[PDB]
Amino acid sequence: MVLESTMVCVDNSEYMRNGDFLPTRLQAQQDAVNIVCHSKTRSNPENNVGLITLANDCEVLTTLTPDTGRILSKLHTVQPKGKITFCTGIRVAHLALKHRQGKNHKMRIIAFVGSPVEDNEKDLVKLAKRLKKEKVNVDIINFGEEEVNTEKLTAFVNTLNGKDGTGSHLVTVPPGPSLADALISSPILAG
Amino acid sequence: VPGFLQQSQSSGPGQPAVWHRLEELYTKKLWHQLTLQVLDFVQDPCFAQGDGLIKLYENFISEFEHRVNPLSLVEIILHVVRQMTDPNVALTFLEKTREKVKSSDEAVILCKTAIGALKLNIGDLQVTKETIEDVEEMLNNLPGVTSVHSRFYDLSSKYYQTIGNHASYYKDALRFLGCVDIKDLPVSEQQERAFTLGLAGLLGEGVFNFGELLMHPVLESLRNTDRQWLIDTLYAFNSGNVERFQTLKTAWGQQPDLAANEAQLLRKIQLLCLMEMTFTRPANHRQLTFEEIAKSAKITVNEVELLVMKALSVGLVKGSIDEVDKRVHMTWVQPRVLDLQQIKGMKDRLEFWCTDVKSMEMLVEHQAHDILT
């Protein structure tokens, strides 16, 4: 089995309060957390998965643990209200990854961006190459609404990995009615 | 259901262009773009018969969606009540939206501010303060939005219209000037706000100071566009004090409501000099002669008693009066605000205590360091 610590980042931004992902993005991203946490259980027991709130200020109430029981409890009453903040949410998983006791687990991050963010192409390429020096492979999954056919996050994913490095891949989410289990179909198949 | 928006499709030029997207908003089941576009229609001035026909379906929207915050539900209904014009049948629907919507975000603070806003036709003074006080009780925690606090000031400012403790209006203005940083409303509306704000705040004497934050930047930007003679007489109560021509100037332009408080505002400038003349000067020079009070405050000898002894109860000076020579002695002091010449006047007489004491303190260190070792 592949060894790594997957830190999933829930999206508390104010644009997660609608139902485009059925029935509602609160329960949809919950089901999106349900499918990733149950998949790691089918993958490796040693993988420990925490949660982090990106919007407003970053706070982690659940220590990194393989048990997803406390994670599923925090998915309720998450109160998705606040301003989305991206740049601070990249290393936010990496700092919890620098607190890992075992160093054999690879550094892997999955973040949920459901809101348009104001960012310059020079800011995302500096964080990209910074993760190249840190070897961290971050799989981002587009959620919510954002710049049509997202460029920044795509350039953030594309410039994040290279040769090969298998890798970081971004899947653009269509702005249409769908079930959250149908959104993750492509990303969970091929990261 | 889709045919309901097709007959309301074209309301005029440019209306269908944004409505073609509106029908694809709920079919895609995205309720944010549907919230903002309806809010954009709510922001768009209308009669409005468009939001009044959809309020039945918007009511059905909140039912099965159950998520989207009532803040958007309150913003749309306040444009609808303008078409309804009847506060009675609307408050039954307003409380209906309060009981049907329960979320971690408080729905009572946004509804109670909407209840009192529609309560201006009741007209006021009876059941108002009950629903007004209920706002900040739930708003005490957690006032993170801070935007609803402006709606809390509205019904609180209209509660003052009964007159109504003028001194509380300037204190209620703190719930406005402190609710939101940026104006976000036409300054011409706020230049007629400081019109009555400076007057009424000066009228009611329940507030003894009233000059603490009168230098605040956001209100003084309004005081630049506001009538200049009203500000020059506000500086008389802000600093002043006399300035006998300016304290009369407020009775020149605005005649009404100042007739009862005229002789009273003539008293406030008389207690405003007692604190300043000892504050401006280094003194002491503490005990003061009655002729000096009879000069500045220009009051007769028989009335100096009531003057300075009333300041004893106000709390600006505790100094007892020496009635043999009729000289009024001062104790403590009341500081008010500050000026650019006050800092320069400070560095003169403040650091002078620093340079005089430390100079002779070295003399204590010099000679007496031998007996210590």
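Residue indices run from 1 on each chain, following the sequence as it is written; they may not match the entry's numbering, and residues absent from the coordinates are omitted. All chains are assigned letters beginning at A, and all ligands numbers beginning at 1, according to the order in which they are written. Any value reported refers to the chains on display, which are one part of a larger assembly. Only hydrogens and water are set aside; all other atoms, that is, all heavy atoms of the structure, feed into the side-chain values.

In terms of determination method and resolution, the entry is listed under cryo-EM at 5.8 Å.

**Student:** Any chance you could explain the packing of helix 7 (residues 108-118) of chain B against helix 8 (residues 128-139) of chain B here in plain terms?
**Tutor:** Residues and elements named next belong to chain B. It is the contact of helix 7 with helix 8, at a shortest axis distance of 9 Å, that shows an interaxial angle of 160°. Viewed along their axes, helix 7 and helix 8 adopt a mutual orientation that is roughly antiparallel. In this structure, helix 7 crosses over helix 8, and the sense of that crossing is left-handed. Between helix 7, through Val-108, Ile-109, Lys-112, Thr-113 and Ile-115, and helix 8, the contact on the second element is made entirely by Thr-131, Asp-134, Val-135, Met-138 and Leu-139. Of the residues contributing to the contact of helix 7 with helix 8, the split by class is six nonpolar, two polar and two charged. To get an axis, fit a line to the C-alpha atoms, keeping to the stretch in contact for a helix; angles then go from 0 to 180 degrees between the N-to-C directions. Elements are defined by DSSP. Helices are runs of H or I of four residues or more, strands are runs of E of two residues or more, and each kind is numbered from the N terminus. Each angle receives one of four descriptions, namely roughly parallel if under 35 degrees, roughly antiparallel if over 145, roughly perpendicular if within 65 to 115, and oblique otherwise. Crossing handedness follows the turn of the near helix against the far one: under a right angle anticlockwise gives a left-handed crossing, and clockwise gives a right-handed one. We call two residues contacting when some pair of their heavy atoms lies within 4.5 Å. Amino acids are sorted into nonpolar (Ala, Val, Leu, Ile, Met, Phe, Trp, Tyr, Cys and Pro), charged (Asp, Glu, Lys and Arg) and polar (every other residue, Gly among them).

**Student:** Can you walk me through the interface of chain B and chain A in this structure?
**Tutor:** Interface extent is often summarised as the accessible area lost during association of the parts. Between chain B and chain A, the contact holds 15 residues from the first and 18 residues from the second. Two parts placed together each lose some accessible area; with a 1.4 Å probe, that loss summed over both constitutes the buried area. If you sort the residues of chain B by the area they bury against chain A, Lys-29, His-32 and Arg-67 of chain B come out on top, with a joint share of 45%. The term salt bridge refers to a pairing of a side-chain nitrogen on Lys or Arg with a carboxyl oxygen on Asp or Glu at a separation within 4 Å. Across the contact surface, chain B and chain A share zero salt bridges. Each polar contact in these results corresponds to two N or O atoms within 3.5 Å; when the atoms are within protein, one needs to be able to donate a hydrogen and the other to accept it, and residues that are neighboring in sequence are counted only if both atoms are side-chain atoms. For the pair chain B and chain A, the interface holds seven residue pairs in polar contact. Element by element, the count of residues in the side of chain B that touches chain A is highest for helix 3 (residues 31-43) of chain B, at four residues. When its residues are assigned to classes, the side of chain B that touches chain A shows four nonpolar, six polar and five charged.

**Student:** How should I be thinking about the environment of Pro-80 of chain A in this particular structure?
**Tutor:** Along the chain, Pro-80 of chain A falls in the loop between helix 2 (69-74) and helix 3 (91-98). Along the sequence, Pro-80 of chain A and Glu-14 of chain A sit 66 residues apart, while their C-alpha atoms lie 5.7 Å from each other. If we ignore the near neighbours within four places in the chain, the residues touching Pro-80 of chain A are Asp-11, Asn-12, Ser-13, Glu-14, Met-16, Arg-17 and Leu-26 of chain A together with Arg-67 of chain B.

**Student:** Can you help me understand the pattern of salt bridges in this one?
**Tutor:** Opposite charge on two side chains allows them to pair when their charged atoms are near. Under the definition given, this model contains 13 salt bridges over all chains. A salt bridge links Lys-28 of chain B to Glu-24 of chain B, with the shortest nitrogen-to-oxygen separation between them at 2.7 Å. Across the salt bridge formed by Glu-220 of chain B and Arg-223 of chain B, the nearest N and O atoms sit 3.8 Å from each other. Of the two residues, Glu-220 of chain B and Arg-223 of chain B both sit in helix 13 (residues 217-225), three residues apart, roughly one turn of that helix. Exposure classes here rest on a 1.4 Å probe applied to the protein chains alone. A residue is buried below 20% of its type maximum, exposed above 50%, and partly exposed in between. With a relative accessible area of 26%, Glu-220 of chain B lands in the partly exposed category. Among the residues examined, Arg-223 of chain B registers a relative accessible area of 8% and is labelled buried. Look at the salt bridges and you will find they share partners, linking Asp-20, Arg-25 and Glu-145 of chain A into a network.

**Student:** So what exactly am I meant to see when it comes to the UniProt feature "domain: PCI" in chain B here?
**Tutor:** UniProt positions are given in the numbering used here, feature names are shortened, and annotations may be inferred rather than shown by experiment. As recorded in UniProt, the sites labelled "domain: PCI" are residues 168-335 of chain B. End C-alpha atoms of residues 168-335 of chain B are separated by 22 Å, and the span's content is 55% helix alongside 2% strand.

**Student:** Before we go on, may I ask you to explain the packing of aromatic side chains in this structure?
**Tutor:** Residues and elements named next belong to chain B. Only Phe, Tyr and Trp rings are paired, with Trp represented by its six-membered ring, and only when their centres lie within 6.5 Å; those with planes under 30 degrees apart are stacked, over 60 edge-to-face, the remainder tilted. Tallied over the entire structure, the rule returns nine aromatic pairs over all chains. When the ring of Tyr-153 is compared with that of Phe-176, the centres are 4.9 Å apart and the planes differ by 35°; the resulting orientation is tilted. Here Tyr-153, found in helix 9 (residues 148-159), pairs with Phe-176, found in helix 10 (residues 166-177); they are 23 residues apart in sequence, far enough to count as distant. On the basis of relative accessible area, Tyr-153 is assigned to the buried category, the value being 3%.

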